[PDB]
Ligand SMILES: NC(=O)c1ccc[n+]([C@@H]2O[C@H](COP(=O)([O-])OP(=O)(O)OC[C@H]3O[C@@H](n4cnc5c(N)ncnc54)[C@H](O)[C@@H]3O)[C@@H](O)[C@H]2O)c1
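One chain follows as structure tokens, the form deposited without the ligand.
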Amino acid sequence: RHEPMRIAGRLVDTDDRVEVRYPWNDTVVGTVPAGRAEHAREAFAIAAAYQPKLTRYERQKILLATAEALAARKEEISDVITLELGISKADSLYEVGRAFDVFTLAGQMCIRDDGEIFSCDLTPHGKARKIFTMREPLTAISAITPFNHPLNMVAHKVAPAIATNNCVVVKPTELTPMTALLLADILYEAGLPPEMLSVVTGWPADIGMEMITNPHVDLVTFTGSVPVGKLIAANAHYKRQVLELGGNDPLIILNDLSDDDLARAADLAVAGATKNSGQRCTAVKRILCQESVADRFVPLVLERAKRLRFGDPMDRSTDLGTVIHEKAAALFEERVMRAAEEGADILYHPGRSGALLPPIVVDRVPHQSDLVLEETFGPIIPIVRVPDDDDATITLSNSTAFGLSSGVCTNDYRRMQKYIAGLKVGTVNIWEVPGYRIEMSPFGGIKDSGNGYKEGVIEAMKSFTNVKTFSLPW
């Protein structure tokens, strides 16, 4: 399958191609244009020149029709996702489900006007006057999207833009660009004025910088690696920046739990470490288990890990597909091996095959090992034994460069509140994985996980607008 760029509804092709490979067998499944700065430049010019005038009703219609099209075409879309990313169909179908929610909730948010009113006779020198508040769209939005959610991460950037009468230009990663192109087609079909969306593709070295630098761009919204995020922050000079970078999120198991609770916690740990092949910013990447319950906890985790079916992503009975590519998979295995040399205990490792990593279980992981100190973006299930002391646990949890989300399992309210207050993260989930949220709750991290702005449909809609005030004599 060869797919051209979508520039404001026009199919735009290029001589050189970028090959898209299925990580399961490293075969080419598609091709997209090796687009250049000029292509992004054109897309941005079209975006800047066009002023969306959709009514709130029209926007809701487009967004809800898009959701309906996602539901109707889910098997087809999830096929595209799996073929370029290598996650299981189970995982890619789930992703279509998320994108369906995003477009639905964005559509429903169209009916909301968060305008405020201020009375002005408030101080000795007030006036008989009212100030009113209103939102207007930007000139152009630049959206740069990651490989791990080839559909949903585009949705999270594009739906709020549409809902808010913005024009957006999307550049997906060269590893998984086809899903974005398909979504564009679906949007055009759902009635979106074509000028409001372009999807361009190419090598980072050709077209990447134009996405950061184009003079029409008022806001850059990016999800991806810390390095690339810091690079954007350094070059997107006088522009608003919404940067979501990695996480290194803990699932913390406290020593008040019964054996039944440990089993429930083990269920969360395995699912959390392993969904989407562990490729989530908010994946469980560190299981911090307090020492006194670790001996009962670890076997429960091992047992659940062994139940997971890993293999052919297109097989509907597969739980766990591949990671993004063999190089990533080999790197993750390497960190496991090194952790083991540093004192860790590999409990389950049926062996790696290419980009296919099994849900490896490792106990007694040293917290300073690369495996858990760096972000490891794969289905590793690593247990770090931590002291039966909350202060020390919290300190250890806070000791990485990251601060995105977290999960804490405990039934003791006092301890719950202590962790909620004490963890240095954007989100603390009690009795859920760090990845748990709804599409419209505020989402975003601190430290190296993000520059401190919130995402999610509602906050993104705010980010994508300028507030204008006006006052009238009253």
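All residue numbers are counted from 1 along the displayed sequence. Basically, rigid core = biggest C-alpha set you can superpose within 1.5 Å across the two forms.
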Original post:
After a rigid core fit, does 285-293 or 118-126 show more C-alpha displacement in 4 other deposited structures of this protein?
Top reply: 118-126
**OP:** Could you check the entry and say whether 189-197 or 268-276 has the higher mean CA B-factor?
**Re:** 189-197
Original post:
Mean CA B-factor: is it higher for 155-163 or for 331-339?
Top reply: 331-339
Original post:
Per the coordinate record, which of the options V384, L373, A106, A305 holds the highest CA temperature factor?
Top reply: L373
**OP:** Please work out which residue in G247, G126, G321, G115 has the highest C-alpha B-factor recorded for this crystal structure.
**Re:** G126
**OP:** Classify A34 as lowest, middle or highest third according to the C-alpha B-factor given in the PDB entry, relative to its own chain.
**Re:** highest
Original post:
Within this chain, which third does the Cα B-factor at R414 fall in: lowest, middle or highest?
Top reply: lowest
**OP:** Please rank the C-alpha B-factors of the chain's modelled residues and tell me whether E459 sits in the lowest, middle or highest third.
**Re:** lowest
**OP:** Name the third of the chain's ranked CA B-factors that contains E76, choosing lowest, middle or highest.
**Re:** lowest
Subject >> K424 by Cα B-factor - lowest, middle or highest third of the modelled chain >> reply: lowest
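Separately, the form solved in complex with the ligand exists; it is not shown, and the next lines address it.
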Original post:
Pick from 117-125, 203-211, 295-303, 346-354: which stretch has non-hydrogen atoms within 4.5 Å of the ligand in the deposited complex?
Top reply: 203-211
Original post:
Should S88 be counted as a contact of the ligand in the deposited complex, where contact means heavy atoms within 4.5 Å?
Top reply: no
Subject >> the ligand contact at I144 in the deposited complex, heavy atom, 4.5 Å >> reply: yes
Original post:
Are any of the heavy atoms in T66 no more than 4.5 Å from a heavy atom of the ligand in the deposited complex?
Top reply: no
Original post:
Would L231 count as a contact of the ligand in the deposited complex, using a 4.5 angstroms cut-off between non-hydrogen atoms?
Top reply: yes
**OP:** Heavy atom within 4.5 Å of the ligand in the deposited complex: which of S198, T221, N148, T179 fits that? Just give me the one.
**Re:** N148
**OP:** Scan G321, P359, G246, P250 and let me know which has any heavy atom within 4.5 Å of the ligand in the deposited complex.
**Re:** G246
Original post:
in the deposited complex, does each residue in the set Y50, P193 and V217 place a non-hydrogen atom within 4.5 angstroms of the ligand?
Top reply: no
